[PDB]
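Data block for data-v4.csv (CSV, C-alpha atoms and all ligand atoms):
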chain,number,residue,atom,x,y,z
U,3,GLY,CA,81.2,43.8,28.0
U,4,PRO,CA,78.1,45.6,29.3
U,5,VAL,CA,74.7,44.2,28.3
U,6,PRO,CA,73.0,46.7,25.9
U,7,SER,CA,69.8,48.5,27.0
U,8,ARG,CA,67.1,50.3,25.2
U,9,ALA,CA,64.1,52.4,26.4
U,10,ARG,CA,60.8,50.6,26.9
U,11,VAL,CA,59.0,53.6,25.4
U,12,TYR,CA,59.6,56.1,22.5
U,13,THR,CA,62.5,54.0,21.1
U,14,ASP,CA,61.5,54.8,17.5
U,15,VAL,CA,60.7,58.5,17.6
U,16,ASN,CA,64.0,59.8,16.1
U,17,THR,CA,63.8,57.1,13.4
U,18,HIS,CA,60.4,58.0,12.1
U,19,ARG,CA,61.0,61.7,12.2
U,20,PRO,CA,63.2,63.2,9.3
U,21,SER,CA,67.0,63.7,9.8
U,22,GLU,CA,66.4,67.5,10.0
U,23,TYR,CA,64.6,66.9,13.3
U,24,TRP,CA,67.5,65.4,15.3
U,25,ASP,CA,70.6,66.2,13.3
U,26,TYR,CA,71.2,69.4,15.1
U,27,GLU,CA,74.6,70.0,13.5
U,28,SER,CA,72.9,70.4,10.0
U,29,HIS,CA,70.5,73.1,11.5
U,30,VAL,CA,71.0,76.6,10.2
U,31,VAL,CA,70.3,79.3,12.9
U,32,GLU,CA,68.1,82.2,11.7
U,33,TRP,CA,69.7,85.0,13.8
U,34,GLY,CA,67.6,87.7,15.3
U,35,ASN,CA,68.4,91.4,16.1
U,36,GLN,CA,70.3,92.0,19.4
U,37,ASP,CA,69.2,95.6,19.1
U,38,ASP,CA,65.5,94.4,19.7
U,39,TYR,CA,66.5,93.7,23.3
U,40,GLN,CA,67.5,95.9,26.2
U,41,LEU,CA,69.2,94.3,29.3
U,42,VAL,CA,67.6,95.4,32.6
U,43,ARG,CA,69.4,93.4,35.4
U,44,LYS,CA,71.6,90.4,35.8
U,45,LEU,CA,69.7,87.5,37.4
U,46,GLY,CA,72.7,85.2,37.8
U,47,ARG,CA,75.6,83.3,36.3
U,48,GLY,CA,76.2,79.6,36.2
U,49,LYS,CA,79.1,77.8,34.5
U,50,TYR,CA,77.2,77.7,31.2
U,51,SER,CA,75.7,81.3,30.9
U,52,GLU,CA,74.9,84.7,32.4
U,53,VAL,CA,71.1,85.3,32.7
U,54,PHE,CA,69.5,88.7,32.4
U,55,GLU,CA,66.0,90.2,32.7
U,56,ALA,CA,65.4,92.2,29.5
U,57,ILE,CA,62.7,94.0,27.6
U,58,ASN,CA,61.9,93.4,23.9
U,59,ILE,CA,61.6,97.1,23.0
U,60,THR,CA,59.7,96.2,19.7
U,61,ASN,CA,56.6,94.9,21.4
U,62,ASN,CA,57.4,96.0,25.1
U,63,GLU,CA,57.4,92.4,26.5
U,64,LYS,CA,59.5,91.2,29.5
U,65,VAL,CA,62.0,88.5,28.4
U,66,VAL,CA,64.9,86.5,29.8
U,67,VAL,CA,68.3,86.5,28.0
U,68,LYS,CA,70.7,83.7,28.5
U,69,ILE,CA,74.2,84.7,27.1
U,70,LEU,CA,76.1,81.5,26.6
U,71,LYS,CA,79.7,81.1,27.8
U,72,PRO,CA,82.0,79.4,25.1
U,73,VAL,CA,81.5,75.9,26.7
U,74,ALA,CA,77.7,75.9,26.1
U,75,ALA,CA,78.2,78.0,22.9
U,76,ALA,CA,79.7,75.0,21.0
U,77,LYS,CA,76.7,72.7,21.6
U,78,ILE,CA,74.3,75.7,20.9
U,79,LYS,CA,72.6,74.0,17.9
U,80,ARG,CA,71.7,71.1,20.1
U,81,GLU,CA,70.0,73.3,22.8
U,82,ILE,CA,68.5,75.5,20.0
U,83,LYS,CA,67.1,72.4,18.0
U,84,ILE,CA,65.7,70.9,21.2
U,85,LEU,CA,64.1,74.2,22.2
U,86,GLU,CA,62.6,74.7,18.7
U,87,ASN,CA,61.4,71.1,18.5
U,88,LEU,CA,59.7,71.3,22.0
U,89,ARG,CA,58.3,74.8,21.5
U,90,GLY,CA,54.6,75.0,22.3
U,91,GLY,CA,54.7,71.8,24.3
U,92,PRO,CA,53.0,71.6,27.8
U,93,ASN,CA,55.0,73.5,30.4
U,94,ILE,CA,58.1,73.8,28.2
U,95,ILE,CA,59.8,77.2,28.3
U,96,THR,CA,59.3,79.2,25.0
U,97,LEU,CA,62.5,80.2,23.1
U,98,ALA,CA,61.5,83.6,21.6
U,99,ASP,CA,64.7,84.5,19.7
U,100,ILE,CA,68.4,83.7,19.2
U,101,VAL,CA,70.8,86.7,18.8
U,102,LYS,CA,74.5,87.4,18.9
U,103,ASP,CA,75.6,89.3,22.0
U,104,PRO,CA,77.8,92.3,20.9
U,105,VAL,CA,80.1,92.1,23.9
U,106,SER,CA,80.6,88.4,24.4
U,107,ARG,CA,80.5,87.6,20.7
U,108,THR,CA,78.5,84.5,21.7
U,109,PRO,CA,74.9,83.4,21.1
U,110,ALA,CA,72.3,84.7,23.5
U,111,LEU,CA,69.0,82.8,23.8
U,112,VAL,CA,65.9,84.9,24.5
U,113,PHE,CA,63.1,83.2,26.5
U,114,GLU,CA,59.6,84.1,27.7
U,115,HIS,CA,59.7,85.5,31.2
U,116,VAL,CA,58.2,83.6,34.1
U,117,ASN,CA,57.5,85.5,37.4
U,118,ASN,CA,59.1,82.8,39.5
U,119,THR,CA,58.0,82.5,43.1
U,120,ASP,CA,60.8,82.5,45.7
U,121,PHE,CA,62.1,78.9,45.7
U,122,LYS,CA,62.7,78.8,49.5
U,123,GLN,CA,59.1,80.0,50.0
U,124,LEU,CA,57.7,77.2,47.8
U,125,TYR,CA,59.9,74.5,49.5
U,126,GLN,CA,58.6,75.7,52.9
U,127,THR,CA,54.9,76.3,52.2
U,128,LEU,CA,53.6,74.2,49.3
U,129,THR,CA,50.9,71.9,50.6
U,130,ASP,CA,50.4,68.2,50.0
U,131,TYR,CA,47.8,69.2,47.3
U,132,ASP,CA,50.2,71.7,45.7
U,133,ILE,CA,53.1,69.2,45.6
U,134,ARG,CA,50.8,66.7,43.7
U,135,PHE,CA,49.6,69.5,41.4
U,136,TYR,CA,53.0,70.7,40.4
U,137,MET,CA,54.4,67.1,40.1
U,138,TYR,CA,51.6,66.4,37.6
U,139,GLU,CA,52.6,69.6,35.7
U,140,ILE,CA,56.2,68.4,35.5
U,141,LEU,CA,55.1,65.0,34.3
U,142,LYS,CA,53.2,66.7,31.4
U,143,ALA,CA,56.5,68.4,30.3
U,144,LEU,CA,58.6,65.1,30.7
U,145,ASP,CA,56.1,62.9,28.8
U,146,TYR,CA,56.0,65.6,26.1
U,147,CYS,CA,59.8,65.8,25.7
U,148,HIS,CA,60.3,62.0,26.0
U,149,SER,CA,57.5,61.5,23.3
U,150,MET,CA,59.5,64.0,21.2
U,151,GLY,CA,62.6,61.8,21.5
U,152,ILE,CA,64.4,64.0,24.0
U,153,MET,CA,65.8,63.4,27.5
U,154,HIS,CA,66.2,66.5,29.7
U,155,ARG,CA,69.1,65.1,31.9
U,156,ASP,CA,69.1,67.9,34.5
U,157,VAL,CA,65.7,67.6,36.2
U,158,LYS,CA,66.0,69.4,39.6
U,159,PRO,CA,64.0,72.2,41.3
U,160,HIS,CA,66.4,75.0,40.1
U,161,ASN,CA,65.4,74.1,36.5
U,162,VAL,CA,61.6,74.3,37.2
U,163,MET,CA,60.1,77.9,37.3
U,164,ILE,CA,56.9,78.2,39.3
U,165,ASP,CA,54.6,81.3,39.1
U,166,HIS,CA,52.6,80.2,42.2
U,167,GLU,CA,50.0,83.1,41.9
U,168,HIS,CA,49.0,81.8,38.4
U,169,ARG,CA,49.7,78.0,39.1
U,170,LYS,CA,52.0,78.1,36.1
U,171,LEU,CA,55.1,75.9,35.8
U,172,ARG,CA,57.9,75.8,33.2
U,173,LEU,CA,60.8,73.4,32.7
U,174,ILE,CA,63.9,75.3,31.7
U,175,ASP,CA,67.6,74.9,31.0
U,176,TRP,CA,67.7,72.5,28.1
U,177,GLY,CA,71.5,72.9,27.9
U,178,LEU,CA,72.2,69.3,28.9
U,179,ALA,CA,69.2,67.7,27.0
U,180,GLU,CA,69.9,65.1,24.3
U,181,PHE,CA,68.1,63.3,21.6
U,182,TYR,CA,67.6,59.6,22.5
U,183,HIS,CA,68.9,57.2,19.9
U,184,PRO,CA,68.7,53.4,20.9
U,185,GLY,CA,72.1,51.9,21.4
U,186,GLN,CA,73.9,55.3,21.8
U,187,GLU,CA,76.4,55.6,24.6
U,188,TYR,CA,76.0,58.9,26.4
U,189,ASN,CA,78.2,60.9,28.7
U,190,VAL,CA,77.6,60.0,32.4
U,191,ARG,CA,78.8,63.5,33.5
U,192,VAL,CA,75.3,64.9,33.4
U,193,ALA,CA,73.0,66.0,36.2
U,194,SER,CA,73.8,67.5,39.5
U,195,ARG,CA,75.2,65.2,42.2
U,196,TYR,CA,72.2,64.7,44.4
U,197,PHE,CA,69.9,63.9,41.4
U,198,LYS,CA,72.2,61.5,39.5
U,199,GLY,CA,70.7,58.2,38.7
U,200,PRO,CA,72.5,54.9,39.7
U,201,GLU,CA,73.2,54.4,35.9
U,202,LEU,CA,75.5,57.4,36.0
U,203,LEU,CA,77.1,56.5,39.3
U,204,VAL,CA,78.0,53.0,37.9
U,205,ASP,CA,79.3,54.4,34.6
U,206,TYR,CA,76.5,52.8,32.5
U,207,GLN,CA,76.4,54.8,29.3
U,208,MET,CA,73.4,53.3,27.4
U,209,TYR,CA,70.8,55.2,29.4
U,210,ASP,CA,67.6,56.8,28.3
U,211,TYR,CA,64.5,59.0,29.3
U,212,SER,CA,64.2,57.0,32.5
U,213,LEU,CA,67.2,58.9,34.0
U,214,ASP,CA,64.7,61.9,34.3
U,215,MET,CA,62.3,59.8,36.3
U,216,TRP,CA,65.0,59.0,38.9
U,217,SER,CA,65.8,62.8,39.2
U,218,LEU,CA,62.0,63.4,39.6
U,219,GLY,CA,61.9,60.9,42.4
U,220,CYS,CA,64.8,62.6,44.2
U,221,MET,CA,63.0,65.9,44.0
U,222,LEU,CA,59.8,64.4,45.4
U,223,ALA,CA,61.6,62.5,48.3
U,224,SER,CA,63.3,65.8,49.4
U,225,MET,CA,60.0,67.7,49.2
U,226,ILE,CA,57.7,65.3,51.1
U,227,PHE,CA,60.2,64.1,53.7
U,228,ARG,CA,61.6,67.6,54.4
U,229,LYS,CA,65.2,66.3,53.8
U,230,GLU,CA,67.2,68.4,51.3
U,231,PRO,CA,68.8,66.6,49.5
U,232,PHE,CA,67.3,63.2,50.1
U,233,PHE,CA,70.5,61.3,49.0
U,234,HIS,CA,73.3,63.5,50.5
U,235,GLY,CA,76.5,62.3,48.9
U,236,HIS,CA,79.8,64.0,49.7
U,237,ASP,CA,81.1,63.0,46.2
U,238,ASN,CA,79.9,60.7,43.3
U,239,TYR,CA,81.0,57.5,45.2
U,240,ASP,CA,79.4,58.4,48.5
U,241,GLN,CA,76.4,59.4,46.4
U,242,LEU,CA,75.9,55.7,45.5
U,243,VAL,CA,76.5,54.5,49.1
U,244,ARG,CA,73.8,57.0,50.3
U,245,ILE,CA,71.4,55.4,47.8
U,246,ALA,CA,72.4,51.9,48.9
U,247,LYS,CA,71.7,52.8,52.5
U,248,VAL,CA,68.0,53.2,51.4
U,249,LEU,CA,67.5,50.9,48.5
U,250,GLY,CA,69.9,48.2,49.8
U,251,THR,CA,72.9,46.5,48.4
U,252,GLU,CA,71.2,43.3,47.2
U,253,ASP,CA,69.1,45.1,44.6
U,254,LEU,CA,72.2,47.2,43.6
U,255,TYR,CA,74.1,43.9,42.9
U,256,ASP,CA,71.1,42.5,41.0
U,257,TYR,CA,71.1,45.7,38.9
U,258,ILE,CA,74.8,45.7,38.0
U,259,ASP,CA,74.7,41.8,37.4
U,260,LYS,CA,71.7,42.3,35.0
U,261,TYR,CA,73.7,44.7,32.8
U,262,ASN,CA,77.1,42.9,33.4
U,263,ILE,CA,78.5,46.2,35.0
U,264,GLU,CA,81.4,46.0,37.6
U,265,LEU,CA,81.6,48.5,40.4
U,266,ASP,CA,84.9,50.4,40.7
U,267,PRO,CA,86.9,48.4,43.3
U,268,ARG,CA,87.2,51.5,45.4
U,269,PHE,CA,83.7,50.7,46.6
U,270,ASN,CA,85.1,47.7,48.5
U,271,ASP,CA,86.2,50.0,51.4
U,272,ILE,CA,83.0,52.2,51.6
U,273,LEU,CA,79.9,50.3,50.3
U,274,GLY,CA,79.2,47.7,53.0
U,275,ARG,CA,76.0,45.6,53.1
U,276,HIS,CA,72.7,47.4,53.7
U,277,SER,CA,69.1,46.1,53.7
U,278,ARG,CA,66.3,47.8,51.6
U,279,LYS,CA,64.4,50.2,53.9
U,280,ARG,CA,60.6,50.6,54.0
U,281,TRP,CA,59.7,54.2,52.9
U,282,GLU,CA,57.8,54.7,56.2
U,283,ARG,CA,61.2,54.9,57.9
U,284,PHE,CA,61.6,58.5,56.6
U,285,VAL,CA,58.2,59.7,58.0
U,286,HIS,CA,58.1,61.8,61.2
U,287,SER,CA,55.8,64.4,62.9
U,288,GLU,CA,57.4,67.3,60.9
U,289,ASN,CA,56.7,65.8,57.4
U,290,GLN,CA,53.6,63.6,57.9
U,291,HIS,CA,51.3,66.3,56.5
U,292,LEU,CA,53.1,65.9,53.1
U,293,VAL,CA,53.2,62.0,53.1
U,294,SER,CA,50.5,59.5,52.2
U,295,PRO,CA,50.4,55.8,51.4
U,296,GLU,CA,50.0,56.9,47.7
U,297,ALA,CA,53.1,59.2,47.9
U,298,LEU,CA,55.2,56.4,49.3
U,299,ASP,CA,54.1,53.9,46.6
U,300,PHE,CA,54.7,56.4,43.9
U,301,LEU,CA,58.2,57.2,45.2
U,302,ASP,CA,58.9,53.4,45.4
U,303,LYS,CA,58.1,53.1,41.7
U,304,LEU,CA,60.5,56.0,40.6
U,305,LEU,CA,63.5,55.4,42.9
U,306,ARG,CA,64.6,52.0,41.5
U,307,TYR,CA,68.1,51.1,40.5
U,308,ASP,CA,67.0,49.4,37.3
U,309,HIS,CA,66.3,52.2,34.9
U,310,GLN,CA,64.1,49.8,32.8
U,311,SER,CA,61.9,49.1,35.9
U,312,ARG,CA,61.0,52.8,36.8
U,313,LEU,CA,57.6,54.2,35.9
U,314,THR,CA,57.6,56.1,32.7
U,315,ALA,CA,56.2,59.7,32.7
U,316,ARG,CA,52.9,58.6,31.2
U,317,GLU,CA,52.6,55.6,33.7
U,318,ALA,CA,53.4,58.0,36.5
U,319,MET,CA,50.4,60.3,35.4
U,320,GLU,CA,48.1,57.3,36.0
U,321,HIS,CA,49.2,56.8,39.6
U,322,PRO,CA,46.8,57.1,42.6
U,323,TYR,CA,49.0,59.9,44.0
U,324,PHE,CA,47.4,62.2,41.4
U,325,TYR,CA,43.8,61.2,41.9
U,326,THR,CA,43.1,64.2,44.2
U,327,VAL,CA,44.5,66.7,41.6
U,328,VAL,CA,41.9,68.6,39.7
U,329,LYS,CA,42.1,67.8,36.0
U,401,LIG,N1,62.5,76.5,41.6
U,401,LIG,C1,61.2,76.5,42.2
U,401,LIG,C2,60.7,75.1,42.7
U,401,LIG,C3,60.3,74.9,44.0
U,401,LIG,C4,59.8,73.6,44.3
U,401,LIG,CL1,59.3,73.4,46.0
U,401,LIG,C5,59.5,72.6,43.4
U,401,LIG,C6,58.9,71.3,43.7
U,401,LIG,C7,57.5,71.1,43.5
U,401,LIG,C8,57.0,69.9,43.8
U,401,LIG,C9,57.8,68.8,44.2
U,401,LIG,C10,59.1,69.0,44.4
U,401,LIG,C11,59.7,70.3,44.2
U,401,LIG,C12,59.9,72.9,42.1
U,401,LIG,CL2,59.6,71.8,40.8
U,401,LIG,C13,60.5,74.1,41.7
U,402,LIG,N1,82.5,42.5,48.6
U,402,LIG,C1,83.1,43.8,48.9
U,402,LIG,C2,84.3,43.7,49.7
U,402,LIG,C3,85.6,43.4,49.2
U,402,LIG,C4,86.7,43.4,50.0
U,402,LIG,CL1,88.2,42.9,49.2
U,402,LIG,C5,86.7,43.8,51.3
U,402,LIG,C6,87.9,43.9,52.1
U,402,LIG,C7,88.7,45.1,52.0
U,402,LIG,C8,89.8,45.2,52.8
U,402,LIG,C9,90.2,44.2,53.7
U,402,LIG,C10,89.5,43.1,53.8
U,402,LIG,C11,88.3,42.9,53.0
U,402,LIG,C12,85.4,44.1,51.8
U,402,LIG,CL2,85.2,44.4,53.5
U,402,LIG,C13,84.3,44.0,51.1
U,403,LIG,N1,49.2,62.7,55.9
U,403,LIG,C1,48.6,61.6,56.7
U,403,LIG,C2,49.2,60.3,56.6
U,403,LIG,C3,50.6,60.1,56.5
U,403,LIG,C4,51.1,58.8,56.5
U,403,LIG,CL1,52.8,58.7,56.3
U,403,LIG,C5,50.3,57.7,56.5
U,403,LIG,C6,50.9,56.3,56.5
U,403,LIG,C7,50.9,55.6,57.7
U,403,LIG,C8,51.5,54.3,57.7
U,403,LIG,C9,52.1,53.8,56.6
U,403,LIG,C10,52.1,54.5,55.4
U,403,LIG,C11,51.6,55.8,55.4
U,403,LIG,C12,48.9,57.9,56.5
U,403,LIG,CL2,47.9,56.5,56.4
U,403,LIG,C13,48.4,59.2,56.5
Let me see the file written as structure tokens.
Amino acid sequence: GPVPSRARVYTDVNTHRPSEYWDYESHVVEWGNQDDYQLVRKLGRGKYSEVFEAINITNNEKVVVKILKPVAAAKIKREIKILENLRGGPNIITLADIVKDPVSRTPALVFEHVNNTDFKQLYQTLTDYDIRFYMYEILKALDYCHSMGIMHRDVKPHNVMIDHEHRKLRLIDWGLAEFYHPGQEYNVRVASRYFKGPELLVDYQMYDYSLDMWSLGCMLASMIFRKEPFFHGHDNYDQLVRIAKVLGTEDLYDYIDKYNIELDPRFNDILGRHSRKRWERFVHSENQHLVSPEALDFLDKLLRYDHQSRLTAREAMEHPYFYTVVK
């Protein structure tokens, strides 16, 4: 069978905190008043919820209302407990209320509003300094949630709201977040394709906070190399081949051999043999302004097959890539 794995940091957090902290099923939701909120406009719909801009008419503040669809409505206590546990943490979105939508008959989460700057505009114009600045702000959120015994599991730019005018960043959409318990086998059908860690792609269930650090590396590589997405898989199998074309197949085989994981035999026809590439291969005249020796070294330490070998969020904050960032 597979060799077990445990995180190298924050393994004990859910053990030393009381059962009420992580046992989200035992949590009793204190329901707010849906009548306190007035929906203004629909911002969007995913497969988990419909999102609206709204006004809290009791104190006149702008809010965001996420009305859950039945699929996310079953695991509500988990998202609620995680949001309440993380509330007040650096760069974590604030859950302001939980109400029952009168039409859907489902729970609606009410959040603080963030005046998010156009995402295409940020991808196209953030400078090298701004990329470092915002990456540092994301690391504050990730180290906080990891230190609080939670993995986000859906780190990607769509889940990071940036108010560029006020240099304000918030990590949102905690719908796929989980409490980390050493030895627990988790569902590998988490994260969006292009951000999925090799652990998910090889069906290794005993993963941890380090999955977020792979996703963070994917976001950085896309941004600095001007290649969206950096690992462009056609499906979950080709996703691993795209990774192997960069990191190489020898380190992939070392990884699966360390954890006694077997690849799906369907990889025999598509994987091939690939050398590990030097990160300088992805540099060119249209992205060199966003690249540096420190950025490449940092990326090298996040985008590693072995989830135990990646930088932790706190180690990542110490990296030379962030020395230029004003603290
Ligand atoms: N949804 C807005 C958005 C836009 C961008 Cl460009 C980024 C970003 C920042 C630094 C590095 C990589 C990506 C994020 Cl985190 C969020
Ligand atoms: N080590 C992976 C691997 C395994 C196999 Cl079985 C093959 C294969 C497939 C079809 C015909 C002949 C050989 C290849 Cl090319 C690679
Ligand atoms: N933004 C200026 C910049 C960009 C790059 Cl990619 C590099 C570089 C050169 C060779 C190897 C590794 C990194 C340097 Cl030294 C400076």
Near-region 80-82 of chain U list (8 Å; all atoms listed in the file; drop same-chain fewer than 6 positions) as a PyMOL selection string: chain U and resi 26-27+176-180
Within-12 Å shell of (57.8, 86.0, 22.5) in input frame, all atoms listed in the file, as a PyMOL selection string: chain U and resi 38-39+57-67+89-90+95-100+111-116
Env. residues ligand LIG 402 (chain U) / 7 Å / all atoms listed in the file / as a VMD selection string: chain U and resid 270 to 271 274
For the residues in the current selection, export C-alpha atoms as a CSV table (one decimal), in the coordinates of the input.
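As a result, selection29.csv now contains:
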chain,number,residue,atom,x,y,z
U,270,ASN,CA,85.1,47.7,48.5
U,271,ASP,CA,86.2,50.0,51.4
U,274,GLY,CA,79.2,47.7,53.0
Selection within 9 Å of ligand LIG 401 (chain U) by only C-alpha atoms and all ligand atoms, output as JSON, numbers by chain: {"U": [118, 119, 120, 121, 122, 123, 124, 125, 126, 127, 128, 132, 133, 134, 135, 136, 137, 138, 139, 140, 157, 158, 159, 160, 161, 162, 163, 164, 165, 171, 172, 173, 218, 219, 220, 221, 222, 223, 224, 225, 226]}
Residues from last step as file, C-alpha atoms, as a CSV table (one decimal), in the coordinates of the input:
chain,number,residue,atom,x,y,z
U,118,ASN,CA,59.1,82.8,39.5
U,119,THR,CA,58.0,82.5,43.1
U,120,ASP,CA,60.8,82.5,45.7
U,121,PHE,CA,62.1,78.9,45.7
U,122,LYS,CA,62.7,78.8,49.5
U,123,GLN,CA,59.1,80.0,50.0
U,124,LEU,CA,57.7,77.2,47.8
U,125,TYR,CA,59.9,74.5,49.5
U,126,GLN,CA,58.6,75.7,52.9
U,127,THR,CA,54.9,76.3,52.2
U,128,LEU,CA,53.6,74.2,49.3
U,132,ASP,CA,50.2,71.7,45.7
U,133,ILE,CA,53.1,69.2,45.6
U,134,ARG,CA,50.8,66.7,43.7
U,135,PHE,CA,49.6,69.5,41.4
U,136,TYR,CA,53.0,70.7,40.4
U,137,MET,CA,54.4,67.1,40.1
U,138,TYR,CA,51.6,66.4,37.6
U,139,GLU,CA,52.6,69.6,35.7
U,140,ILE,CA,56.2,68.4,35.5
U,157,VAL,CA,65.7,67.6,36.2
U,158,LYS,CA,66.0,69.4,39.6
U,159,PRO,CA,64.0,72.2,41.3
U,160,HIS,CA,66.4,75.0,40.1
U,161,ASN,CA,65.4,74.1,36.5
U,162,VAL,CA,61.6,74.3,37.2
U,163,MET,CA,60.1,77.9,37.3
U,164,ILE,CA,56.9,78.2,39.3
U,165,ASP,CA,54.6,81.3,39.1
U,171,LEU,CA,55.1,75.9,35.8
U,172,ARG,CA,57.9,75.8,33.2
U,173,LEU,CA,60.8,73.4,32.7
U,218,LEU,CA,62.0,63.4,39.6
U,219,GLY,CA,61.9,60.9,42.4
U,220,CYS,CA,64.8,62.6,44.2
U,221,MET,CA,63.0,65.9,44.0
U,222,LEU,CA,59.8,64.4,45.4
U,223,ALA,CA,61.6,62.5,48.3
U,224,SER,CA,63.3,65.8,49.4
U,225,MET,CA,60.0,67.7,49.2
U,226,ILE,CA,57.7,65.3,51.1
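A distance cut-off of 6 Å from ligand LIG 403 (chain U), applied to all atoms listed in the file, picks out the residues residues 282, 285, 290, 291, 292, 293, 294 and 295 of chain U.
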Pick from U:51, U:17, U:108, U:194 nearest to residue 33 (chain U), counting all atoms listed in the file: U:108
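A straight line drawn from CA of residue 6 (chain U) to CA of residue 189 (chain U) is 15.4 Å long.
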CA of residue 243 (chain U) to CA of residue 258 (chain U), straight-line distance in Å: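 Taking CA of residue 258 (chain U) as the start and CA of residue 243 (chain U) as the end point, the length is 14.3 Å.
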Residues within 9 Å of residue 210 (chain U), only C-alpha atoms, excluding chain neighbours under 3 positions, as a PyMOL selection string: chain U and resi 7-9+152-153+182-184+188+213-214+309
Separation of CA of residue 263 (chain U) from CA of residue 307 (chain U) in Å: 12.7 Å
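When only C-alpha atoms are used to measure the gap to residue 262 (chain U), the shortest distance among U:144, U:246, U:3, U:302 belongs to U:3.
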Pick from U:236, U:155, U:68, U:102, whichever lies nearest to residue 55 (chain U) using all atoms listed in the file: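 Closest residue, counting all atoms listed in the file: U:68.
Residues with any atom within 12 Å of residue 269 (chain U), counting all atoms listed in the file and excluding same-chain neighbours fewer than 2 positions away, are residues 203, 204, 238, 239, 240, 241, 242, 243, 246, 251, 264, 265, 266, 267, 271, 272, 273, 274 and 275 of chain U.
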Among the residues U:201, U:256, U:37, U:32, the one that comes closest to residue 217 (chain U) [using only C-alpha atoms]: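 For residue 217 (chain U), the nearest of the given residues is U:201.
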Using the atoms already present, construct N, CA, C and O atoms for region 268-279 of chain U and hand them back as an mmCIF file, in the frame of the given file.
data_model
loop_
_atom_site.group_PDB
_atom_site.id
_atom_site.type_symbol
_atom_site.label_atom_id
_atom_site.label_comp_id
_atom_site.auth_asym_id
_atom_site.auth_seq_id
_atom_site.Cartn_x
_atom_site.Cartn_y
_atom_site.Cartn_z
ATOM 1 N N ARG U 268 87.140 50.631 44.295
ATOM 2 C CA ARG U 268 87.200 51.500 45.400
ATOM 3 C C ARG U 268 85.991 51.475 46.321
ATOM 4 O O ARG U 268 86.046 51.868 47.481
ATOM 5 N N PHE U 269 84.879 50.933 45.783
ATOM 6 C CA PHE U 269 83.700 50.700 46.600
ATOM 7 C C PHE U 269 83.850 49.652 47.655
ATOM 8 O O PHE U 269 83.101 49.659 48.634
ATOM 9 N N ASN U 270 84.879 48.758 47.530
ATOM 10 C CA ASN U 270 85.100 47.700 48.500
ATOM 11 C C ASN U 270 85.235 48.246 49.959
ATOM 12 O O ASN U 270 84.732 47.655 50.909
ATOM 13 N N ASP U 271 85.894 49.386 50.082
ATOM 14 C CA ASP U 271 86.200 50.000 51.400
ATOM 15 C C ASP U 271 85.054 50.873 51.926
ATOM 16 O O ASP U 271 85.103 51.244 53.099
ATOM 17 N N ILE U 272 84.047 51.213 51.099
ATOM 18 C CA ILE U 272 83.000 52.200 51.600
ATOM 19 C C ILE U 272 81.556 51.667 51.451
ATOM 20 O O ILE U 272 80.703 52.229 52.148
ATOM 21 N N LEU U 273 81.258 50.669 50.597
ATOM 22 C CA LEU U 273 79.900 50.300 50.300
ATOM 23 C C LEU U 273 79.185 49.551 51.437
ATOM 24 O O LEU U 273 78.048 49.889 51.791
ATOM 25 N N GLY U 274 79.810 48.489 51.920
ATOM 26 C CA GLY U 274 79.200 47.700 53.000
ATOM 27 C C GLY U 274 77.993 46.890 52.470
ATOM 28 O O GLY U 274 77.792 46.712 51.258
ATOM 29 N N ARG U 275 77.214 46.390 53.421
ATOM 30 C CA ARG U 275 76.000 45.600 53.100
ATOM 31 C C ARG U 275 74.869 46.390 53.813
ATOM 32 O O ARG U 275 74.996 46.787 54.977
ATOM 33 N N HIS U 276 73.775 46.636 53.076
ATOM 34 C CA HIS U 276 72.700 47.400 53.700
ATOM 35 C C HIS U 276 71.361 46.738 53.205
ATOM 36 O O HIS U 276 71.210 46.373 52.032
ATOM 37 N N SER U 277 70.389 46.668 54.095
ATOM 38 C CA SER U 277 69.100 46.100 53.700
ATOM 39 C C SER U 277 68.293 47.221 52.965
ATOM 40 O O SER U 277 68.618 48.420 53.066
ATOM 41 N N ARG U 278 67.253 46.810 52.212
ATOM 42 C CA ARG U 278 66.300 47.800 51.600
ATOM 43 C C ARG U 278 65.474 48.250 52.769
ATOM 44 O O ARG U 278 65.044 47.443 53.595
ATOM 45 N N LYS U 279 65.250 49.574 52.865
ATOM 46 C CA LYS U 279 64.400 50.200 53.900
ATOM 47 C C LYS U 279 62.984 50.368 53.424
ATOM 48 O O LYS U 279 62.741 50.642 52.245
#
